[PDB]
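Step one of this worksheet: look at the structure below.
The sequence lines fix the lettering, A, B, ..., with proteins before strands; numbering per chain opens at 1.
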Amino acid sequence: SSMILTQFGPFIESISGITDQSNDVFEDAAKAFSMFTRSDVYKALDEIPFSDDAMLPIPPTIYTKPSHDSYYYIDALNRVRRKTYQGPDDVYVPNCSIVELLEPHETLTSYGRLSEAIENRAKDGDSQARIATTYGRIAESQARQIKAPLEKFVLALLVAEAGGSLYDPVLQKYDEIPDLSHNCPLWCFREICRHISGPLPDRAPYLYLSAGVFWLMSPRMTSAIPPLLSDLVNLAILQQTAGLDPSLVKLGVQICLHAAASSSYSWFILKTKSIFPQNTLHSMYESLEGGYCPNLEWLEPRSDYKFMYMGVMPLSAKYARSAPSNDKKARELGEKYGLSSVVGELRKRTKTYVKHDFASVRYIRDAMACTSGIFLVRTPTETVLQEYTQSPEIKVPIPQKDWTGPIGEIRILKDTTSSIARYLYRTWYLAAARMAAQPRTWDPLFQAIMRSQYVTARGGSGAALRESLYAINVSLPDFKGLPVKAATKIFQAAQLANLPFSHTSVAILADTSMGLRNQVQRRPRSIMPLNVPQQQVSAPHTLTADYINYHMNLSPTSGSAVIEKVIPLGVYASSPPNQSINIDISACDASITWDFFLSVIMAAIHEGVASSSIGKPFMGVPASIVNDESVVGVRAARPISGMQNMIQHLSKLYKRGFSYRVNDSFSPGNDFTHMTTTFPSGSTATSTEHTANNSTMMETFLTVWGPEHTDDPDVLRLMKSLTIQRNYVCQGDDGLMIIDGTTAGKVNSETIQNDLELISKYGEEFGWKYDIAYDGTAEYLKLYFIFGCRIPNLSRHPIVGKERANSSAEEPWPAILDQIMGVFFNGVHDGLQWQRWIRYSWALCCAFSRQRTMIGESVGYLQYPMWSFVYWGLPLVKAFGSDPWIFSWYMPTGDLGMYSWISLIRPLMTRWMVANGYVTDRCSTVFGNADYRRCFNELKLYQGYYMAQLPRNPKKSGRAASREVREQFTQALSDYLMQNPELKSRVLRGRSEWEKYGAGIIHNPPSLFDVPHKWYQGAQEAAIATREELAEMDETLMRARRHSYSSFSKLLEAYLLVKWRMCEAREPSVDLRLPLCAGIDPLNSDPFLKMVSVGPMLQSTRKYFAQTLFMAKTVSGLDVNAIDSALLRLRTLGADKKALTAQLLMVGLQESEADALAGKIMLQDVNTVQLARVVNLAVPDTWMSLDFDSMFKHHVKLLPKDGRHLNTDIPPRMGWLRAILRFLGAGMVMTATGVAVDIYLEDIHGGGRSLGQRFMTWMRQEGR
RNA sequence: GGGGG
RNA sequence: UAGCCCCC
Ligand SMILES: Nc1ccn([C@@H]2O[C@H](COP(=O)(O)OP(=O)(O)OP(=O)(O)O)C[C@H]2O)c(=O)n1
Ligand SMILES: Nc1ccn([C@@H]2O[C@H](COP(=O)(O)OP(=O)(O)OP(=O)(O)O)C[C@H]2O)c(=O)n1
Ligand SMILES: Nc1ccn([C@@H]2O[C@H](COP(=O)(O)OP(=O)(O)OP(=O)(O)O)C[C@H]2O)c(=O)n1
Ligand SMILES: [Mn+2]
Ligand SMILES: [Mn+2]
């Protein structure tokens, strides 16, 4: 460690709280990181005096592996395939030798790539050559699922840990996290690699590059080493930063060693991934003596997902695990995969926890951080053949006799059907009618928003559409000469803009291109990039599904994103007396087929939508005639609406199936079109659709089936007390059945077990295999809960991991920084040990802050000052002679955050600056007599500040665009959007109205007329950048670094005029013995103190924020937050109502709605959060898990502590100031380490009035 | 672009 | 060729 100490000495102390941070030391540390050679990191690793406890037997078979050749074969269709041995799952990358297939690299003679000879033979068509190429390309792919070379993360860890234990400012003692000599993962990493390199001078087992992966030419290297090493590094970092129990961590290493010792690392990982969760989380408290859990009340209406904390629920034996024991299956699993030693140890330790508390949840969390974090990989061919093959077993089909004769592509489900489909059909029919009945549905704007949803910069099987169209002699415009990417639905929209639906209808049946996605702890999933006409025609399906979800059930719309996964719901559901069943449906997409679901859904919508859609087109789709054969004998023609025409065309596609075009670039010669009946993922209907069926069937079970299939009084009573509107929350195929508890305790476990078994049997009737789980735990949207405590899963957030489905190279340097910041933010949300995490993050950041640049032998270097990271959100450890660790990771981002940390030490800074020569006679309002301008330019604080705000990726705008084709394109886009003259007429009105009442007040008027331009830009910025555009990006960053400044942004200079007084610590908002988030306990002072004093966010963040906008949606391309900001700004700038009415007309509203919302906005008392947007202030993401609403309202006093001040008084017409002022106070409170404190407005330099004018100038100048 | 179903 | 839905 002397190697590390010498090279990063001063920097190490700067990030350990011992010495101040300085850009000079930081940049040198950066240069040192870049000058360190890979092999040096290993040499550094050798310098570590590892303890015996950090060692464990390493399997010799991890090095000696068979040839890959017996693991593959050519199938009947000539595709290269993986040959199974351990089951139908054994389709991943096998653990084999690989050096025999490599050619030494010219220069790195010890490293090699796949023999060019072998690929050439493979390309010629040689079976053996193809097999070898496939293996080589997929093994390479497996090794690319990381963000950057492992050595960088390791070096970072060495540098960070060289600082020793950290002194907690709050607890006033050093932490007791074992040093690296006790880190088993690192030891293994060094040994495994050393053993591989053997006598070779090169210590790296492989090199992650841009030109591709290269393997160390050693007979001991295996295709399984990259994944193994990647798991070890994560575990190594986590043991030091999450303060994980070392003994547990070793268990995680053993599993990984076993995975590398097996015949397939990924496969083995997939089969054993439940070990830690099953033997801890799902086995906790078989016995229970005490502890406390939350006591929440679910407010009304439950749909708001709003809860209120009511105290603590004392625990006792009464609440011990009552759910069935998983011991047997868990042990069988361990025995089957050679891990019974691990399962047994976990089972034993889990039993020792008889109290539910911080210690016990941290144990679970720790255990669950040890699961491999690799993104499983297998060839595309394998994913497609495993996911689009299995078909649902409909044990009780809809009788053929129950369908009427056809009505085009659909058949009505006779109302005399005794089938359970009866209910599924009624729900979709009902919702279809109500949806189509809504007036908004027939508003040109609404239909523009819908037509604009799928017009995006992402793909849409562009090539297949062009050819399915060529098949009927219809050639689309090619716009020869435009600098935009052609494979975008945006390009598609422009091509189709001026063609009648009848000419593009065939495209609805065009093939579907391949799209893949790798996941952690899961298998790769195939994706279907539907084309514009396919997405268009899917509208009715999507809208009806949305209507069901918004009006008929209890569901959360989104994908996930911590807190957006409604944390509050899990706390409630998992807290005794309450209990929850974690319902999930396997093979969801493959279970939604025409045989039972789609034929019914298509029918119900087609019919229920009839009367209100009659005699009318929809979203560009015309009405038409179709053959009618409903009645027997009677055969006529039937007029249907455009909406019906859509269902008509969509039904034709759902019936036939999807032609998936598979071009497997990892498997030479594996080109085939696979037909499948599995439901599309890339469809706008997918998510909402599955959510709707989920609740609909659960409703039917609880209302009909269940009751009719049992006479058991308790079960009948239990089911009767459950409602899909009050007790069942779902999204897609995930479900959470919440059984509220009584004073008599919780509902009988045996009665619950009966209900579940019936649900299970119930789904077999229509092809659904319910994955039900009753284990005393709550699991929803990959969020884990036990006894009201959230258990972060560190396993799913691989520090070094990064999904990479395609072969394309990683984005140019700059890009990596956003990823590193994301790694930091995940740690904040996962609750790692704040100091250890912050210090490590500074090391990591520093190690990626420098890049070598080229301009033609013009070898320079791009360096980001430490200050850029602060701007991005990374808190300072110690600066300007301040105490160490005074800054919390809840410090805001950007200007708000800069304001916060600077205000907390304004005086320290001023004093430091003067005592170091930065003095002047001019007395600064913020920094007194400190020559701040000279200081900030020299320290690179201004530089870093501005560099952080520059594009971290090449720009394509400015590419020579031949004006004529450029106008044709944007015209096509315009016609697509402005199809309906009514809409256009609306915007033109807003326009001339704007010139009279709004023009001049603000300069950011959002307008539908901009969309075509924003769409063009999007298609542009989607294309591959050139090396020139790259240089241009660097030059920009480098010019900002050279330039010298005299101030911060106009908004930051304005906030700095405001001063506060931090006062009394707040009282606890929740009980301090209450486990809310594992890892967030008295051992993690700042996070814990913030959680306790500020309080947890007990409402859904989606619901909360939906109340901070006047309009929820708008045409894709415009920014809802932008529209909201313009309206409020106009109001704040004294604009007349007619001006807001004009703004609203320009974004598509009818004059009546426009005038109404405008008049409504004028007289409204706007909330803190919504109002703060007038100046671009947003609630920080890191704050989302806390009760920031309460902080703004009751703990940021705008009235000075000692009464009113002339400067602090808020002018009559400037009440909007209070919202901005609330954010600034909150900033300082949240940025200060420790307990949330009450803060009092102390001063505003030039007074409130002048502050307001200052903000009003910023407002009216945006976009000039 | 980032983090997540 | 590389989809859809969400927090900044
Ligand atoms: N990028 C993504 C990720 C997920 N999904 C959707 O999420 C839904 C279900 O999620 P999973 O549980 O992850 O998919 P399953 O096929 O059901 O996996 P298996 O039963 O193992 O869980 C269906 C799928 O289309 C999606 O459209 N796009
Ligand atoms: N002032 C410097 C010089 C080099 N590098 C880093 O070095 C790496 C590759 O170049 P080297 O071959 O390692 O640089 P050398 O200067 O030739 O090595 P040193 O003096 O020991 O010889 C990439 C580049 O960013 C750097 O960050 N800053
Ligand atoms: N913004 C960037 C990114 C990369 N390059 C050029 O790309 C070439 C090699 O790519 P890298 O592998 O990304 O650069 P290295 O210095 O070899 O190391 P890495 O980015 O970790 O620093 C050399 C470098 O000048 C550049 O000029 N400007
Ligand atoms: Mn599922
Ligand atoms: Mn699921």
Side-chain angles (χ1 to χ4, degrees), chain A residues 147 380 453-454 456-464 485-489 511-517 519-520 522 525-531 534-535 538 542 546 549 556-566 584 588 660-665 671 680-691 730-734 780-783 793 796-797 802-808 811 814-830 872-873 892-894 896 951-954 1021-1022 1100-1102 1104-1106 1116 1121 1176-1185:
Chain A
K147 300 184 175 73
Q453 176 178 24
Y454 44 81
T456 69
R458 304 291 170 182
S461 307
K485 175 176 184 170
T488 57
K489 280 190 285 311
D511 293 316
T512 291
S513 283
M514 182 170 69
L516 302 174
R517 214 187 187 68
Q519 309 191 69
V520 175
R522 187 177 176 297
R525 67 148 53 78
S526 45
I527 230 55
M528 284 187 226
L530 299 192
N531 60 55
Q534 295 186 309
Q535 288 286 205
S538 296
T542 307
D546 282 344
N549 300 317
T557 298
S558 73
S560 281
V562 187
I563 201 59
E564 174 32 47
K565 296 177 190 169
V566 181
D584 186 275
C588 185
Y660 205 67
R661 185 175 300 177
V662 185
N663 280 289
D664 190 336
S665 60
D671 303 286
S681 283
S683 172
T684 62
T686 318
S687 184
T688 188
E689 200 282 336
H690 296 355
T691 308
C730 62
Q731 184 188 297
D733 69 339
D734 239 89
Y780 188 60
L781 312 179
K782 292 298 177 292
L783 243 275
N793 189 340
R796 293 189 172 294
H797 299 165
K802 183 171 179 50
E803 128 162 63
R804 294 184 187 293
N806 40 35
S807 301
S808 44
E811 292 147 62
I816 181 67
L817 295 188
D818 288 324
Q819 282 169 50
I820 300 301
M821 281 314 290
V823 171
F824 169 66
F825 294 129
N826 278 336
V828 179
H829 292 295
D830 278 325
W872 291 326
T893 226
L896 184 61
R952 280 148 240 151
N953 64 302
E1021 298 319 307
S1100 164
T1101 42
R1102 186 107 152 69
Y1104 177 87
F1105 283 100
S1116 178
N1121 292 327
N1176 300 332
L1177 280 169
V1179 176
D1181 271 11
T1182 52
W1183 289 20
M1184 303 291 184
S1185 61

Taking OP1 and OP2 of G1(B), is either one under 4.0 Å from a side-chain nitrogen or oxygen of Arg458(A)?
-> yes
To the side chain of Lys782(A), which of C8(C), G2(B), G5(B) is closest?
-> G5(B)
Taking the side chain of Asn826(A) as its heavy atoms from C-beta onward, which of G2(B), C8(C), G4(B) lies nearest to it?
-> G4(B)
Can you find an N or O donor on one side and an acceptor on the other, under 3.5 Å apart, linking the side chain of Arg517(A) with the base of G3(C)?
-> yes
Looking at the side chain of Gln453(A), which of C4(C), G2(B), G4(B) is the nearest nucleotide?
-> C4(C)
When you look at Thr557(A) and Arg1102(A), which way does the side chain to side chain contact (heavy atoms under 4.5 Å, CB included) test go after all the steps?
-> CA-CA 8 Å; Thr557(A) 298; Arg1102(A) 186 107 152 69; 3.7 Å; yes
Phosphate oxygens OP1/OP2 of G2(B): is one of them under 4.0 Å from a side-chain N or O of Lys802(A)?
-> yes
Side chain of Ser513(A) only, please: which of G3(C), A2(C), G4(B) is the nearest?
-> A2(C)
If we only count heavy atoms from C-beta on, is the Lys782(A) to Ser560(A) side-chain gap below 4.5 Å?
-> no
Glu811(A) versus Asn953(A): any side-chain heavy-atom pair under 4.5 Å?
-> no
Scan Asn953(A) against the nucleic acid and name what it touches under 4.0 Å (heavy atoms): base, sugar-phosphate only, or nothing.
-> nothing
Test side chain to side chain donor-acceptor pair (under 3.5 Å) applied to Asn531(A) and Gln534(A), step by step = CA-CA 5 Å; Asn531(A) 60 55; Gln534(A) 295 186 309; 3.1 Å; yes
Closest of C7(C), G5(B), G3(B) to the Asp1181(A) side chain is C7(C)
Given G2(B), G4(B), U1(C), the nucleotide with the shortest approach to the side chain of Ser560(A) = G4(B)
Consider the side chain of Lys147(A), meaning its heavy atoms from C-beta on, and name the nucleotide among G3(B), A2(C), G4(B) that approaches it most closely.
-> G3(B)
Among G4(B), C6(C), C4(C), the nucleotide that comes nearest once only the side chain of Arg1102(A) is considered = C6(C)
